[PDB]
Every structure is written in structure tokens, then in C-alpha cells.
$ cat data_6.txt   # compact mmCIF, C-alpha atoms
# COMPACT_ATOMS: atom_id res chain seq x y z
CA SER A 1 -27.30 -54.21 -25.86
CA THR A 2 -24.00 -54.25 -27.69
CA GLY A 3 -20.37 -55.17 -26.99
CA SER A 4 -17.09 -54.09 -28.57
CA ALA A 5 -13.68 -55.61 -27.82
CA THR A 6 -10.24 -55.19 -29.34
CA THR A 7 -8.55 -58.33 -30.66
CA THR A 8 -4.73 -58.48 -30.83
CA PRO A 9 -2.38 -60.78 -32.78
CA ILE A 10 -0.46 -63.17 -30.50
CA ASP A 11 2.80 -62.87 -32.44
CA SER A 12 4.50 -61.22 -35.41
CA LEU A 13 2.92 -63.65 -37.90
CA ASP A 14 -0.73 -63.13 -36.87
CA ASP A 15 -0.86 -66.84 -35.98
CA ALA A 16 -3.98 -66.16 -33.91
CA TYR A 17 -5.75 -63.31 -32.17
CA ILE A 18 -6.64 -62.86 -28.48
CA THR A 19 -9.50 -60.87 -27.03
CA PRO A 20 -9.92 -60.09 -23.31
CA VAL A 21 -12.95 -61.69 -21.65
CA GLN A 22 -14.24 -61.10 -18.12
CA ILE A 23 -15.40 -64.25 -16.29
CA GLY A 24 -16.92 -64.48 -12.81
CA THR A 25 -17.41 -62.18 -9.86
CA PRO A 26 -15.17 -60.32 -9.17
CA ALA A 27 -14.04 -60.37 -12.79
CA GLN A 28 -11.23 -62.68 -13.85
CA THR A 29 -9.88 -61.46 -17.20
CA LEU A 30 -8.63 -64.14 -19.58
CA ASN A 31 -7.37 -63.65 -23.13
CA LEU A 32 -9.37 -65.96 -25.37
CA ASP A 33 -9.07 -67.03 -29.01
CA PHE A 34 -12.45 -66.20 -30.62
CA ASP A 35 -13.12 -69.10 -33.00
CA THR A 36 -15.96 -68.97 -35.55
CA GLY A 37 -15.06 -72.57 -36.41
CA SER A 38 -16.02 -74.15 -33.07
CA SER A 39 -18.66 -73.82 -30.39
CA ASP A 40 -17.07 -74.38 -26.97
CA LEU A 41 -15.99 -71.64 -24.55
CA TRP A 42 -13.20 -73.35 -22.61
CA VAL A 43 -10.49 -72.02 -20.36
CA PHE A 44 -7.30 -72.91 -18.60
CA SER A 45 -8.29 -73.22 -14.96
CA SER A 46 -7.37 -74.18 -11.41
CA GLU A 47 -8.39 -77.71 -12.49
CA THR A 48 -5.92 -77.93 -15.40
CA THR A 49 -3.19 -80.58 -14.93
CA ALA A 50 -0.31 -78.51 -13.53
CA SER A 51 2.33 -79.84 -15.94
CA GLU A 52 0.13 -78.69 -18.86
CA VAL A 53 0.05 -75.05 -17.72
CA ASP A 54 2.95 -72.83 -18.77
CA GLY A 55 2.27 -69.12 -18.37
CA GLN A 56 -1.46 -68.97 -19.09
CA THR A 57 -3.84 -67.05 -16.87
CA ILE A 58 -6.28 -69.44 -15.23
CA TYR A 59 -9.93 -69.23 -14.25
CA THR A 60 -10.51 -70.22 -10.62
CA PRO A 61 -14.20 -70.93 -10.11
CA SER A 62 -13.85 -71.19 -6.32
CA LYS A 63 -12.96 -67.47 -6.30
CA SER A 64 -16.11 -66.49 -8.22
CA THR A 65 -19.28 -65.85 -6.21
CA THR A 66 -21.37 -66.46 -9.34
CA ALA A 67 -19.77 -69.76 -10.42
CA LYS A 68 -21.81 -72.96 -10.16
CA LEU A 69 -20.75 -76.47 -11.10
CA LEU A 70 -22.90 -77.82 -13.95
CA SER A 71 -23.23 -81.16 -12.25
CA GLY A 72 -22.37 -84.19 -14.33
CA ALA A 73 -21.43 -82.25 -17.46
CA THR A 74 -18.19 -83.01 -19.28
CA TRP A 75 -16.65 -81.88 -22.56
CA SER A 76 -13.96 -83.04 -24.96
CA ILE A 77 -12.93 -81.43 -28.23
CA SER A 78 -10.48 -82.10 -31.04
CA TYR A 79 -9.55 -79.44 -33.58
CA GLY A 80 -8.47 -79.60 -37.23
CA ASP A 81 -4.80 -79.14 -36.33
CA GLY A 82 -4.91 -82.23 -34.09
CA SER A 83 -4.95 -80.30 -30.82
CA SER A 84 -7.43 -81.15 -28.09
CA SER A 85 -8.72 -80.38 -24.61
CA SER A 86 -11.31 -81.74 -22.15
CA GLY A 87 -12.76 -81.24 -18.70
CA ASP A 88 -15.86 -80.34 -16.71
CA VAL A 89 -18.25 -77.37 -16.74
CA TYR A 90 -19.30 -74.38 -14.65
CA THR A 91 -21.89 -71.74 -15.36
CA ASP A 92 -20.81 -68.16 -14.64
CA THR A 93 -21.21 -64.56 -15.79
CA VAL A 94 -19.18 -63.75 -18.90
CA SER A 95 -18.65 -60.30 -20.39
CA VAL A 96 -17.07 -59.33 -23.71
CA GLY A 97 -16.46 -55.68 -24.49
CA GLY A 98 -19.22 -54.56 -22.10
CA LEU A 99 -21.80 -57.18 -23.16
CA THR A 100 -22.75 -59.51 -20.32
CA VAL A 101 -24.25 -63.00 -20.40
CA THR A 102 -25.34 -64.65 -17.17
CA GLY A 103 -25.40 -68.45 -16.91
CA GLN A 104 -22.84 -69.00 -19.66
CA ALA A 105 -21.28 -72.47 -19.80
CA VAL A 106 -17.59 -72.04 -19.01
CA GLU A 107 -15.80 -75.27 -19.83
CA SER A 108 -12.93 -75.82 -17.40
CA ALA A 109 -9.97 -77.73 -18.82
CA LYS A 110 -8.60 -80.68 -16.88
CA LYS A 111 -6.35 -81.63 -19.81
CA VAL A 112 -4.96 -79.74 -22.80
CA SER A 113 -2.70 -80.95 -25.60
CA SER A 114 0.87 -79.77 -26.14
CA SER A 115 0.02 -77.05 -28.66
CA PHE A 116 -2.12 -75.28 -26.06
CA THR A 117 0.43 -75.62 -23.25
CA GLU A 118 3.15 -74.23 -25.51
CA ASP A 119 1.14 -71.14 -26.34
CA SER A 120 1.38 -69.01 -23.21
CA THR A 121 -0.61 -66.17 -24.81
CA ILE A 122 -3.90 -68.08 -25.25
CA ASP A 123 -5.88 -68.69 -22.05
CA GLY A 124 -8.71 -70.56 -23.82
CA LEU A 125 -11.14 -70.41 -26.74
CA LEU A 126 -14.50 -68.74 -27.23
CA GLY A 127 -16.47 -70.57 -29.89
CA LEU A 128 -18.71 -68.63 -32.28
CA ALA A 129 -19.90 -71.35 -34.68
CA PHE A 130 -23.40 -72.81 -34.26
CA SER A 131 -24.32 -74.35 -30.92
CA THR A 132 -25.07 -77.72 -32.57
CA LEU A 133 -21.26 -78.30 -32.54
CA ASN A 134 -20.91 -77.74 -28.77
CA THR A 135 -19.32 -80.80 -27.14
CA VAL A 136 -20.81 -80.67 -23.63
CA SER A 137 -22.44 -83.95 -22.61
CA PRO A 138 -25.06 -85.03 -21.68
CA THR A 139 -26.68 -81.59 -22.05
CA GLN A 140 -25.33 -79.60 -24.99
CA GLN A 141 -24.62 -75.93 -24.20
CA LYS A 142 -25.06 -72.66 -26.10
CA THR A 143 -22.33 -70.34 -27.33
CA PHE A 144 -21.81 -66.87 -25.89
CA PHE A 145 -23.36 -65.39 -29.07
CA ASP A 146 -26.41 -67.64 -28.92
CA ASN A 147 -26.98 -66.71 -25.28
CA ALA A 148 -26.51 -62.98 -25.97
CA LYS A 149 -28.56 -62.88 -29.14
CA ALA A 150 -32.00 -62.02 -27.77
CA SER A 151 -30.53 -59.07 -25.86
CA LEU A 152 -28.58 -57.65 -28.80
CA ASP A 153 -29.74 -54.61 -30.74
CA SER A 154 -29.26 -56.68 -33.91
CA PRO A 155 -28.52 -60.45 -33.99
CA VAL A 156 -25.03 -60.10 -35.44
CA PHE A 157 -21.37 -60.02 -34.61
CA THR A 158 -18.57 -58.69 -36.79
CA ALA A 159 -14.91 -59.65 -37.20
CA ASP A 160 -12.46 -56.92 -38.20
CA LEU A 161 -9.05 -58.56 -37.93
CA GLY A 162 -5.87 -56.57 -38.43
CA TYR A 163 -2.78 -57.34 -40.48
CA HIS A 164 0.08 -57.10 -37.99
CA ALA A 165 -2.16 -54.84 -35.92
CA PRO A 166 -5.10 -54.96 -33.51
CA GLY A 167 -8.67 -55.18 -34.73
CA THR A 168 -12.17 -55.49 -33.32
CA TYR A 169 -14.98 -57.91 -32.51
CA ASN A 170 -18.36 -56.17 -32.22
CA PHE A 171 -21.60 -57.72 -30.99
CA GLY A 172 -25.05 -56.43 -31.80
CA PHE A 173 -24.24 -53.67 -34.29
CA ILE A 174 -22.49 -52.95 -37.59
CA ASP A 175 -19.92 -50.12 -37.36
CA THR A 176 -20.44 -48.28 -40.65
CA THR A 177 -17.15 -46.42 -40.13
CA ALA A 178 -15.13 -49.67 -40.13
CA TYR A 179 -15.43 -50.54 -43.83
CA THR A 180 -15.44 -48.92 -47.25
CA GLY A 181 -18.07 -49.29 -49.97
CA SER A 182 -20.99 -51.62 -49.33
CA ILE A 183 -21.38 -54.99 -47.59
CA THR A 184 -22.17 -57.94 -49.85
CA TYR A 185 -24.20 -60.67 -48.14
CA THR A 186 -24.12 -64.31 -49.15
CA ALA A 187 -26.06 -67.42 -48.06
CA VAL A 188 -24.95 -69.67 -45.21
CA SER A 189 -25.56 -73.36 -44.69
CA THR A 190 -25.65 -74.46 -41.06
CA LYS A 191 -25.86 -78.16 -41.97
CA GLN A 192 -22.35 -78.89 -40.67
CA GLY A 193 -22.55 -76.38 -37.80
CA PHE A 194 -20.21 -73.89 -39.46
CA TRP A 195 -20.50 -70.49 -41.11
CA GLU A 196 -20.38 -72.28 -44.45
CA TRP A 197 -20.79 -70.31 -47.68
CA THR A 198 -19.89 -70.48 -51.37
CA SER A 199 -17.36 -68.14 -52.94
CA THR A 200 -17.99 -67.25 -56.58
CA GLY A 201 -14.37 -67.61 -57.74
CA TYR A 202 -10.85 -66.26 -57.61
CA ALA A 203 -8.05 -64.39 -59.33
CA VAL A 204 -4.27 -64.55 -58.91
CA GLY A 205 -2.51 -61.20 -58.95
CA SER A 206 -3.62 -59.09 -61.89
CA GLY A 207 -4.95 -62.17 -63.70
CA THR A 208 -8.46 -62.69 -64.99
CA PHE A 209 -11.16 -63.78 -62.55
CA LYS A 210 -12.13 -67.46 -62.70
CA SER A 211 -15.82 -67.97 -62.00
CA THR A 212 -16.14 -71.17 -59.98
CA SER A 213 -18.08 -72.17 -56.87
CA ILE A 214 -15.89 -72.77 -53.79
CA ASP A 215 -17.74 -74.00 -50.72
CA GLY A 216 -15.94 -73.27 -47.47
CA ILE A 217 -16.14 -71.96 -43.93
CA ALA A 218 -15.38 -68.57 -42.40
CA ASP A 219 -13.06 -69.60 -39.56
CA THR A 220 -11.34 -67.02 -37.38
CA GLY A 221 -9.63 -69.83 -35.46
CA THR A 222 -7.64 -71.06 -38.48
CA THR A 223 -4.56 -69.05 -39.44
CA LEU A 224 -4.30 -69.77 -43.17
CA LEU A 225 -6.44 -69.93 -46.32
CA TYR A 226 -7.08 -73.56 -47.36
CA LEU A 227 -8.48 -74.02 -50.88
CA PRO A 228 -8.76 -76.75 -53.52
CA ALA A 229 -5.50 -78.05 -54.93
CA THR A 230 -6.31 -76.68 -58.39
CA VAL A 231 -6.70 -73.13 -57.07
CA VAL A 232 -3.62 -73.31 -54.85
CA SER A 233 -1.44 -74.69 -57.66
CA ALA A 234 -2.58 -71.83 -59.91
CA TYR A 235 -1.55 -69.32 -57.24
CA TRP A 236 1.91 -70.74 -56.46
CA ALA A 237 2.70 -71.27 -60.15
CA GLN A 238 3.02 -67.47 -60.31
CA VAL A 239 5.84 -67.42 -57.72
CA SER A 240 9.30 -68.35 -59.03
CA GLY A 241 10.76 -71.24 -57.04
CA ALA A 242 7.58 -72.03 -55.09
CA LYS A 243 6.86 -75.71 -54.48
CA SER A 244 4.92 -78.06 -52.29
CA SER A 245 7.19 -79.71 -49.73
CA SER A 246 6.01 -82.89 -48.03
CA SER A 247 8.84 -82.55 -45.49
CA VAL A 248 7.70 -79.05 -44.47
CA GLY A 249 3.98 -79.79 -44.80
CA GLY A 250 2.86 -77.44 -47.57
CA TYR A 251 3.82 -74.83 -50.12
CA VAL A 252 7.04 -72.95 -49.51
CA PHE A 253 8.61 -70.16 -51.55
CA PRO A 254 11.89 -68.24 -51.71
CA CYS A 255 11.97 -65.57 -49.04
CA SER A 256 13.32 -63.23 -51.76
CA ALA A 257 9.99 -63.37 -53.64
CA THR A 258 7.38 -60.68 -54.03
CA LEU A 259 4.04 -62.48 -53.68
CA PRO A 260 1.02 -61.72 -55.89
CA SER A 261 -2.31 -60.80 -54.37
CA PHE A 262 -5.19 -63.26 -54.26
CA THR A 263 -8.80 -62.24 -54.96
CA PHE A 264 -11.86 -64.18 -53.85
CA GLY A 265 -15.45 -63.59 -54.95
CA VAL A 266 -18.43 -62.87 -52.71
CA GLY A 267 -21.36 -62.74 -55.07
CA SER A 268 -20.40 -60.11 -57.65
CA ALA A 269 -18.06 -58.44 -55.14
CA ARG A 270 -14.34 -59.08 -54.84
CA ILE A 271 -12.07 -59.19 -51.76
CA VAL A 272 -8.36 -58.70 -52.47
CA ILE A 273 -5.79 -60.29 -50.16
CA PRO A 274 -2.50 -58.41 -50.60
CA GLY A 275 0.55 -60.54 -51.33
CA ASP A 276 2.18 -59.57 -48.06
CA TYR A 277 -0.67 -61.22 -46.12
CA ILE A 278 0.32 -64.54 -47.72
CA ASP A 279 3.90 -64.46 -46.35
CA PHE A 280 4.29 -66.51 -43.16
CA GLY A 281 8.03 -66.11 -42.98
CA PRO A 282 10.96 -68.49 -42.69
CA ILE A 283 10.06 -72.14 -42.15
CA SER A 284 12.64 -72.24 -39.34
CA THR A 285 14.62 -69.45 -37.81
CA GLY A 286 17.08 -68.00 -40.34
CA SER A 287 15.91 -70.07 -43.30
CA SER A 288 15.61 -68.55 -46.77
CA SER A 289 12.59 -70.82 -47.44
CA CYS A 290 9.33 -69.12 -46.45
CA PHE A 291 5.97 -70.71 -45.64
CA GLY A 292 2.95 -69.86 -47.76
CA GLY A 293 -0.33 -68.52 -46.41
CA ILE A 294 -2.46 -70.23 -49.06
CA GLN A 295 -2.40 -74.03 -48.75
CA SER A 296 -4.29 -76.99 -50.17
CA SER A 297 -7.42 -78.23 -48.41
CA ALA A 298 -7.05 -81.67 -50.00
CA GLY A 299 -7.38 -84.20 -47.21
CA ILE A 300 -8.91 -81.69 -44.75
CA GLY A 301 -12.29 -82.39 -46.26
CA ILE A 302 -13.35 -78.73 -46.25
CA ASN A 303 -12.12 -75.41 -47.62
CA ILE A 304 -11.30 -72.87 -44.91
CA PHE A 305 -11.37 -69.10 -45.22
CA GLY A 306 -9.08 -68.54 -42.24
CA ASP A 307 -7.45 -65.38 -40.93
CA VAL A 308 -5.40 -64.75 -44.10
CA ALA A 309 -8.64 -64.22 -45.98
CA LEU A 310 -10.82 -62.75 -43.25
CA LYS A 311 -8.36 -60.06 -42.21
CA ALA A 312 -8.60 -58.56 -45.73
CA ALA A 313 -12.29 -57.78 -45.05
CA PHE A 314 -14.86 -56.48 -42.63
CA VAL A 315 -16.95 -59.60 -41.99
CA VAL A 316 -20.54 -59.74 -40.72
CA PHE A 317 -21.76 -62.92 -39.06
CA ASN A 318 -25.52 -62.48 -39.29
CA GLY A 319 -27.29 -64.80 -36.86
CA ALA A 320 -30.83 -63.85 -37.82
CA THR A 321 -33.36 -66.63 -38.31
CA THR A 322 -31.91 -67.15 -41.78
CA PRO A 323 -28.17 -66.72 -41.19
CA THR A 324 -25.95 -65.02 -43.75
CA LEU A 325 -22.37 -63.73 -44.06
CA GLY A 326 -21.42 -60.24 -45.21
CA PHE A 327 -18.09 -59.08 -46.61
CA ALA A 328 -16.86 -55.53 -47.23
CA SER A 329 -13.50 -54.10 -48.17
CA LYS A 330 -11.82 -51.87 -45.60

$ encode --input "data_6.txt" --output "C-alpha cells"
Amino acid sequence: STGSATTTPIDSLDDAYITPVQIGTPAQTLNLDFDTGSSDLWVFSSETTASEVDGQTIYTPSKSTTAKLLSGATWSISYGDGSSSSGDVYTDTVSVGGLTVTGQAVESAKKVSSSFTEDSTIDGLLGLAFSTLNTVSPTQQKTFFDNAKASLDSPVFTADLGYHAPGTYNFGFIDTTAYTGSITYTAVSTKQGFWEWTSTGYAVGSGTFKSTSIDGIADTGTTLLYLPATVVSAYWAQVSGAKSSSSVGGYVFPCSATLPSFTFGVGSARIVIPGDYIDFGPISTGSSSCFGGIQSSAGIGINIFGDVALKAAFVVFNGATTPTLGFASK
């Protein structure tokens, strides 16, 4: 089997991407944030505290003939941005882009934090990291991908995120028309439950490539590119007037600037992030100070190849017995 679903930016900054997912019988379609940095599939629901729902579409298990309470199971998750959610668990049929899993754990939110309530476009998350990070207790649950894997033509999914445009998540096949050149594969460590890999270095604009190992995670659920302070300082030093602002919470730059590209290494291959991808616009409405898309990972504890980086590539998440990550230009 295979699946193929279009993913669409939630706003004009590509802050996140939503992908329609069918849950239950008859189908209830919710728009979920596919997150390769976490491992819970959770949704706004008929159980979510009413004051914490503001425009989201909810899953109502009592209207699904295939829903079953997973008795005694609870979940609770906290994300890198400080947001959180928790609740109880149903199993139900879940389909993505024509690919169906029966008995998928669908985590029903009883509580969500403010950031989720305030984002009316995101009806929940679909985690695509390794199932060892799943938060369901006392019986840990599998991700949609892990459940689908044995049925897939090939044990892979691919992320093809657009810049200010829709893109695609495919399951079970590699679309050879979706990228240019060849795919370069690189080793993954699953020790922390992430799609963790080591970049071979970077370049700023037309500058020379610096060979240096940068361990980090491929995380579709993080907007920006978070890298070591040394690397980030070298980038912003090439932008007149750019500075790190503690009041704003990161690097800002004059909105009048033209940003340089940023290149990252994948083995001997190179992925180029155009300068425009690094512009996240005015810090507040009407400001002439703009927020940067490359930020320091210092104090996160991990480097994160978020959407800014991933959208510059066609990315293969290879979930074979020895997992690997592939990157191609597109």
C-alpha cells in the first residue's frame, strides 16, 4: 500500500503545515500538524475543555462506529516551545492520503495549552518520530507510520514541504519526479527517539564551505533552523545591522536587508536554503525589525533542522531495520 497527502502552510510565514486526516467511521476529517519530532497522534475532541477550543474541528468518538476507549490509558506531552496537551485514548481507523491503519491510538485532548487554543488552523498533531517517545501510559502506543509500515510497499515516508506553497507527504514510495539529481542518504541514531543525523558542515552565502560535524534532528514540527551559536553568529555577521535581541528572543535584522543563502552538508552533497526562506518578517505588525529564520540552539540542548531547512529539500525518512535519512535538491 501507499498514501499521498497534500500539506499546506497555515499562514503566510509557513509557521507550520497542516495535512488532512480521516478518523473514524463515517470519516471525520481533521487537519493535523505532521511532526517528525514527536510520536503522539492527538486531536482536539468532544472531550476538550470547552474554553480551550476556539475554531478547531473536533473528533467526536461517540459518533464513530469504529472508536473504542483504550481503557485506563492516559497521555501527557510537553513540546520544545513550552506548549502542552493531555487526555485519554481511543483506538480508531485512521487514513492519510488513502492509506488506512486500523486500531490506531487516537489521543483525545482533555486539556491543551494556550498556543494550541490560539491556533484555530491546527486540529491536532500526528507524530512521526520513533514510537519509543510516545507518551501513552501505562501501555505505550505506536505511531501511524509504525502501524502502517508492514503494509507499505517500502518502509519509508517522504516530506516535500513548500515555500509559501503546498507540498506533499508520501507513505510507502519515493516519487522520483519530485526531486532533481540524486538522493544522498546519511546515518540516523534512534538513541533519543528522533530522526537524528550529522550534517557535514555549512556555508554562508557564496562563502567557502566549512567542514564540521553538526548533530541534529530532522523536525517537521519546528518552524526554524536551530544551530550552534558559532554557526549562527557566522551567518548573521554577513547581514548589516543584524543582532541578537534578548527582548525579542533571538536574531533580528533590518527588514530592508537582502539575506544570504545558507548551505548545509549531507555527506558530500549540499542543500542550499535561499535567503528568502530565512525571512520571518516583522517582529510585530508594521515593524522594520524582522525575525531571523536561523537561530541559536544554545540552551535547547539539541540542533534542529526544522521547516526552514527541510523545505529546501526532498527528504526521505527511511524506516527500514537500519533507519536512514535521505536528502535531495528539488

$ atom_distance --input "data_6.txt" --atom1 "atom CA of residue 44 of chain A" --atom2 "atom CA of residue 162 of chain A"
25.7 Å

$ closest_atom_pairs --input "data_6.txt" --of "segment 73-131 of chain A" --to "segment 212-231 of chain A" --cutoff "10 Å" --atoms "all atoms listed in the file" --output "JSON lines"
{"residue": "A:79", "atom": "CA", "partner": "A:221", "partner_atom": "CA", "distance": 9.8}
{"residue": "A:80", "atom": "CA", "partner": "A:222", "partner_atom": "CA", "distance": 8.7}
{"residue": "A:81", "atom": "CA", "partner": "A:222", "partner_atom": "CA", "distance": 8.8}
{"residue": "A:125", "atom": "CA", "partner": "A:221", "partner_atom": "CA", "distance": 8.9}
{"residue": "A:126", "atom": "CA", "partner": "A:221", "partner_atom": "CA", "distance": 9.6}
{"residue": "A:127", "atom": "CA", "partner": "A:221", "partner_atom": "CA", "distance": 8.9}
{"residue": "A:128", "atom": "CA", "partner": "A:220", "partner_atom": "CA", "distance": 9.1}
{"residue": "A:129", "atom": "CA", "partner": "A:219", "partner_atom": "CA", "distance": 8.6}

$ residues_around --input "data_6.txt" --residues "residue 277 of chain A" --least-positions-apart "5" --cutoff "10 Å" --atoms "all atoms listed in the file" --output "list in words"
residues 13, 14, 163, 164, 224, 259, 260, 261, 262, 292, 293, 294, 307, 308, 309, 311 and 312 of chain A

$ closest_residue --input "data_6.txt" --among "A:157, A:42, A:130, A:209" --to "residue 326 of chain A" --atoms "only C-alpha atoms"
A:157

$ atom_distance --input "data_6.txt" --atom1 "atom CA of residue 107 of chain A" --atom2 "atom CA of residue 65 of chain A"
16.9 Å

$ atom_distance --input "data_6.txt" --atom1 "atom CA of residue 151 of chain A" --atom2 "atom CA of residue 321 of chain A"
14.8 Å

$ closest_residue --input "data_6.txt" --among "A:190, A:154, A:29, A:45" --to "residue 320 of chain A" --atoms "only C-alpha atoms"
A:154

$ residues_around --input "data_6.txt" --residues "segment 237-251 of chain A" --least-positions-apart "3" --cutoff "10 Å" --atoms "all atoms listed in the file" --output "number ranges by chain"
A: 204-205, 232-234, 254-260, 283-284, 289-296

$ closest_residue --input "data_6.txt" --among "A:36, A:132, A:100, A:177" --to "residue 304 of chain A" --atoms "all atoms listed in the file"
A:36

$ residues_around --input "data_6.txt" --residues "residue 22 of chain A" --least-positions-apart "4" --cutoff "12 Å" --atoms "all atoms listed in the file" --output "ChimeraX atom specification"
/A:5,26-32,43,58-59,64,92-102,104,106,123,126

$ residues_around --input "data_6.txt" --residues "residue 264 of chain A" --least-positions-apart "2" --cutoff "6 Å" --atoms "all atoms listed in the file" --output "compact mmCIF listing (two decimals) with C-alpha atoms, in the coordinates of the input"
# COMPACT_ATOMS: atom_id res chain seq x y z
CA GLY A 201 -14.37 -67.61 -57.74
CA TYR A 202 -10.85 -66.26 -57.61
CA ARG A 270 -14.34 -59.08 -54.84
CA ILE A 271 -12.07 -59.19 -51.76

$ closest_residue --input "data_6.txt" --among "A:195, A:314, A:173, A:90" --to "residue 47 of chain A" --atoms "only C-alpha atoms"
A:90

$ closest_residue --input "data_6.txt" --among "A:120, A:49, A:140, A:62" --to "residue 74 of chain A" --atoms "only C-alpha atoms"
A:140

$ decode --input "data_6.txt" --residues "segment 136-149 of chain A" --atoms "N, CA, C and O atoms" --output "tab-separated table (two decimals), in the first residue's frame"
chain	number	residue	atom	x	y	z
A	136	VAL	N	1.83	7.64	25.84
A	136	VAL	CA	0.70	6.94	26.43
A	136	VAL	C	1.17	6.02	27.55
A	136	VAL	O	2.15	5.29	27.40
A	137	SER	N	0.45	6.06	28.67
A	137	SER	CA	0.72	5.25	29.85
A	137	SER	C	-0.58	4.55	30.26
A	137	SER	O	-1.65	5.13	30.16
A	138	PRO	N	-0.50	3.30	30.75
A	138	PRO	CA	0.70	2.53	31.08
A	138	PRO	C	1.22	1.67	29.92
A	138	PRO	O	2.23	0.98	30.08
A	139	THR	N	0.54	1.71	28.78
A	139	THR	CA	0.90	0.90	27.62
A	139	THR	C	1.24	1.85	26.48
A	139	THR	O	0.36	2.49	25.89
A	140	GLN	N	2.53	1.98	26.18
A	140	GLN	CA	2.99	2.87	25.14
A	140	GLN	C	2.41	2.45	23.79
A	140	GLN	O	2.27	1.25	23.51
A	141	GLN	N	2.07	3.44	22.96
A	141	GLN	CA	1.43	3.18	21.67
A	141	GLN	C	2.35	3.50	20.49
A	141	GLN	O	3.32	4.24	20.61
A	142	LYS	N	2.01	2.92	19.34
A	142	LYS	CA	2.78	3.09	18.12
A	142	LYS	C	2.29	4.27	17.27
A	142	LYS	O	1.10	4.57	17.23
A	143	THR	N	3.22	4.90	16.56
A	143	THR	CA	2.84	5.94	15.61
A	143	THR	C	2.08	5.37	14.41
A	143	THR	O	2.14	4.16	14.13
A	144	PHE	N	1.42	6.26	13.69
A	144	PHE	CA	0.75	5.90	12.45
A	144	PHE	C	1.71	5.20	11.47
A	144	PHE	O	1.36	4.19	10.86
A	145	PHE	N	2.91	5.74	11.32
A	145	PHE	CA	3.92	5.16	10.43
A	145	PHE	C	4.33	3.77	10.89
A	145	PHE	O	4.43	2.84	10.10
A	146	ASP	N	4.58	3.60	12.18
A	146	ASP	CA	4.97	2.28	12.67
A	146	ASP	C	3.86	1.26	12.45
A	146	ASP	O	4.13	0.12	12.04
A	147	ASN	N	2.62	1.64	12.67
A	147	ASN	CA	1.50	0.75	12.41
A	147	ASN	C	1.33	0.43	10.92
A	147	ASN	O	0.98	-0.70	10.58
A	148	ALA	N	1.57	1.40	10.05
A	148	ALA	CA	1.39	1.21	8.61
A	148	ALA	C	2.50	0.42	7.95
A	148	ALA	O	2.32	-0.12	6.87
A	149	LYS	N	3.66	0.41	8.59
A	149	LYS	CA	4.92	0.04	7.95
A	149	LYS	C	4.89	-1.30	7.23
A	149	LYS	O	5.36	-1.41	6.10
